[PDB]
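J.: Here you go, this is upload-v4.tsv (TSV, C-alpha atoms).
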chain	number	residue	atom	x	y	z
A	1	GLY	CA	-13.80	23.62	-6.32
A	2	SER	CA	-13.51	25.30	-2.93
A	3	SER	CA	-16.20	27.83	-3.85
A	4	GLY	CA	-17.46	28.03	-0.28
A	5	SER	CA	-20.32	26.68	1.82
A	6	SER	CA	-24.09	26.62	1.38
A	7	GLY	CA	-27.15	25.06	2.99
A	8	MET	CA	-30.66	25.52	4.36
A	9	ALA	CA	-31.75	26.03	7.97
A	10	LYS	CA	-35.04	26.86	9.68
A	11	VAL	CA	-33.57	29.11	12.37
A	12	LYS	CA	-35.01	32.53	13.21
A	13	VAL	CA	-32.36	33.55	15.74
A	14	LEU	CA	-29.09	34.98	14.43
A	15	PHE	CA	-25.81	34.50	16.30
A	16	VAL	CA	-23.76	37.69	16.01
A	17	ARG	CA	-20.21	37.84	17.38
A	18	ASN	CA	-17.18	40.14	17.26
A	19	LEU	CA	-19.16	43.05	18.70
A	20	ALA	CA	-17.37	46.31	19.48
A	21	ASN	CA	-17.03	47.89	22.92
A	22	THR	CA	-19.74	50.40	22.00
A	23	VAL	CA	-22.31	47.88	20.77
A	24	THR	CA	-25.49	47.22	22.75
A	25	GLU	CA	-28.93	45.64	22.41
A	26	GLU	CA	-30.38	48.95	21.24
A	27	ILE	CA	-27.80	49.13	18.45
A	28	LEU	CA	-28.41	45.48	17.56
A	29	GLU	CA	-32.13	46.20	17.22
A	30	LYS	CA	-32.26	49.29	15.01
A	31	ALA	CA	-29.67	47.53	12.86
A	32	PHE	CA	-31.35	44.12	12.70
A	33	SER	CA	-34.70	45.92	12.73
A	34	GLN	CA	-34.82	47.89	9.47
A	35	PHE	CA	-34.72	44.47	7.81
A	36	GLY	CA	-37.68	42.91	9.58
A	37	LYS	CA	-39.74	42.94	12.77
A	38	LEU	CA	-37.54	42.02	15.73
A	39	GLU	CA	-38.54	40.02	18.81
A	40	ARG	CA	-35.70	40.67	21.27
A	41	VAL	CA	-31.94	41.03	21.66
A	42	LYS	CA	-29.67	39.28	24.16
A	43	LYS	CA	-26.19	40.74	24.70
A	44	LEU	CA	-23.36	38.57	26.02
A	45	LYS	CA	-19.68	38.87	26.96
A	46	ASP	CA	-18.70	39.89	23.43
A	47	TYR	CA	-21.29	38.26	21.16
A	48	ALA	CA	-25.09	38.44	21.21
A	49	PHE	CA	-28.25	36.80	19.90
A	50	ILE	CA	-30.75	38.53	17.61
A	51	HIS	CA	-34.33	37.28	17.89
A	52	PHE	CA	-36.57	37.85	14.87
A	53	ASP	CA	-40.37	37.80	14.96
A	54	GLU	CA	-40.19	35.57	11.88
A	55	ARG	CA	-37.65	33.14	10.42
A	56	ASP	CA	-37.62	35.30	7.29
A	57	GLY	CA	-36.87	38.61	8.98
A	58	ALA	CA	-33.63	36.95	10.08
A	59	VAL	CA	-32.50	35.34	6.82
A	60	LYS	CA	-32.51	38.89	5.46
A	61	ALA	CA	-30.69	40.70	8.27
A	62	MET	CA	-28.41	37.65	8.29
A	63	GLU	CA	-27.12	37.60	4.72
A	64	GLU	CA	-27.40	41.39	4.80
A	65	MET	CA	-25.33	42.15	7.90
A	66	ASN	CA	-23.36	38.90	8.01
A	67	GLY	CA	-19.80	40.21	8.02
A	68	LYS	CA	-20.71	43.89	8.20
A	69	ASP	CA	-18.49	46.65	9.58
A	70	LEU	CA	-20.43	47.30	12.79
A	71	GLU	CA	-18.83	50.10	14.81
A	72	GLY	CA	-15.64	49.47	12.86
A	73	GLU	CA	-15.75	45.73	13.50
A	74	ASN	CA	-16.76	43.02	11.03
A	75	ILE	CA	-19.39	41.04	12.93
A	76	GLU	CA	-20.18	37.45	11.95
A	77	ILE	CA	-23.75	36.17	11.72
A	78	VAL	CA	-24.51	32.44	11.80
A	79	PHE	CA	-27.79	30.56	12.25
A	80	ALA	CA	-27.71	29.71	15.96
A	81	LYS	CA	-28.84	26.29	17.17
A	82	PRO	CA	-32.43	25.85	18.45
A	83	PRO	CA	-33.10	25.56	22.20
A	84	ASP	CA	-33.46	21.79	22.59
A	85	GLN	CA	-32.41	20.25	25.90
A	86	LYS	CA	-33.69	17.46	28.15
A	87	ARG	CA	-32.68	14.64	30.49
A	88	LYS	CA	-33.95	11.29	29.21
A	89	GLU	CA	-33.32	8.12	31.22
A	90	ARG	CA	-35.04	4.78	31.85
A	91	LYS	CA	-33.53	1.58	33.24
A	92	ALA	CA	-34.32	-1.28	35.63
A	93	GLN	CA	-31.63	-3.25	37.45
A	94	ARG	CA	-31.41	-4.17	41.13
A	95	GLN	CA	-30.08	-7.21	43.00
A	96	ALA	CA	-28.19	-8.05	46.19
A	97	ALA	CA	-26.58	-11.40	47.01
A	98	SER	CA	-25.70	-11.14	50.70
A	99	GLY	CA	-25.60	-14.87	51.39
A	100	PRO	CA	-24.33	-14.91	54.99
A	101	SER	CA	-22.15	-17.61	56.56
A	102	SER	CA	-20.51	-18.74	59.80
A	103	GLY	CA	-17.40	-20.58	60.94
Represent the supplied structure as structure tokens.
T.:
Amino acid sequence: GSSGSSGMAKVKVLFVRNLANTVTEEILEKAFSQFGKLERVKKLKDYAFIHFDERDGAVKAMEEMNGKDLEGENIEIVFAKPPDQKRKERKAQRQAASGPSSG
């Protein structure tokens, strides 16, 4: 059936969105703190990222706050993607066939 969705991820950072107009890093801490030791909080346009000292501390504050009425707004928490970026490239191709001529 369409029960829902389940899985397993090794992410410590929690992606919280749908923040109110009175929500700040300080509020995101104390809230996502009581659960477990926090590392840092990054606020954005409307959403923000909650950094947890441990991957566990998050899982808790995640399934605990996930969809909680924060400041009168139901915020959504989803395991954010890990910071993995790079520019890989390697090739070898060069040739020039001028081949002059006259009339």
J.: List every residue of segment 51-77 of chain A that has an atom at most 7 Å from any atom of segment 16-40 of chain A, giving for each one its closest atom pair and the distance in Å to one decimal, counting all atoms listed in the file, sorted by chain and then by ascending residue number, as JSON lines.
T.:
{"residue": "A:51", "atom": "CA", "partner": "A:40", "partner_atom": "CA", "distance": 5.0}
{"residue": "A:52", "atom": "CA", "partner": "A:38", "partner_atom": "CA", "distance": 4.4}
{"residue": "A:53", "atom": "CA", "partner": "A:39", "partner_atom": "CA", "distance": 4.8}
{"residue": "A:57", "atom": "CA", "partner": "A:36", "partner_atom": "CA", "distance": 4.4}
{"residue": "A:60", "atom": "CA", "partner": "A:35", "partner_atom": "CA", "distance": 6.4}
{"residue": "A:61", "atom": "CA", "partner": "A:35", "partner_atom": "CA", "distance": 5.5}
{"residue": "A:71", "atom": "CA", "partner": "A:20", "partner_atom": "CA", "distance": 6.2}
{"residue": "A:73", "atom": "CA", "partner": "A:20", "partner_atom": "CA", "distance": 6.2}
{"residue": "A:74", "atom": "CA", "partner": "A:18", "partner_atom": "CA", "distance": 6.9}
{"residue": "A:75", "atom": "CA", "partner": "A:18", "partner_atom": "CA", "distance": 4.9}
{"residue": "A:76", "atom": "CA", "partner": "A:16", "partner_atom": "CA", "distance": 5.4}
{"residue": "A:77", "atom": "CA", "partner": "A:16", "partner_atom": "CA", "distance": 4.6}
J.: From the options A:81, A:86, A:94, A:55, which residue's atoms come nearest to residue 15 of chain A, counting all atoms listed in the file?
T.: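 So, comparing all the options, the nearest one is A:81.
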J.: Taking into account all atoms listed in the file, which residue in the set A:14, A:80, A:59, A:97 is nearest to residue 41 of chain A?
T.: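 For residue 41 of chain A, the nearest of the given residues is A:14.
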J.: Here's a test: counting all atoms listed in the file, identify every protein, DNA and RNA residue with an atom at most 7 Å from (-23.8, 38.1, 8.4) in the file's coordinate frame, and state them as a list in words.
T.: residues 62, 63, 64, 65, 66, 67, 68, 75, 76, 77 and 78 of chain A
J.: Can you measure atom CA of residue 56 of chain A to atom CA of residue 9 of chain A for me? One decimal in Å is fine.
T.: 11.0 Å
